[PDB]
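First, one chain by itself in structure tokens, the form deposited in one PDB entry.
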């Protein structure tokens, strides 16, 4: 059987869900329970953390512009996803995706991680640039598995304390 259904129009699928592709929600998986994790990610959404994925992530900016703050060779870099752009992020590269624009849409693809394989999340000192905080996590369900992790850091002056210049990372925004 056609487990994931049959083809459907994508433009007008996005439009239908536009109400979920703007915070508090922010994103939307297309199919459930599939090896390819396929999501549309919409703005506005800024975030403070860095994902460390053990596999690859594929981006394709269908609508609006966005960007990825990165960590490269020691410096902090930036990838621009102006509209129309595609990009393939290699594994373990550290990325913080900023979607300033209201009603931007970006297709993001990735693979269900198999048991044994954990993702890291990481925040860095704004000032001394040392790693403030890191959690590794067997990512099973984006929904259930991920917000709580963010709260524990965001609601604790203690974790946000840099183990170098003792400066307290903001957690909320910038």
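For the two forms, the rigid core is made up of the largest set of C-alpha atoms that agree within 1.5 Å on superposition. Positions refer to the first chain, counted from 1.
Same protein, other form: the form deposited in another entry, not shown, and the subject of what follows.
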property	result
Which of 118, 131, 127, 146 is displaced between the shown form and the other one by 2 angstroms or more at its C-alpha, rigid core aligned	146
Exceeds or equals 2 Å, Cα of residue 20 between the shown form and the other one, core fit	no
Pairwise C-alpha change, residue 45 versus residue 24, in the other entry against this form - closer or farther, 3 angstroms or more	closer
In the other entry, shift in Cα separation for residue 48 relative to residue 23, 3 Å or more	closer
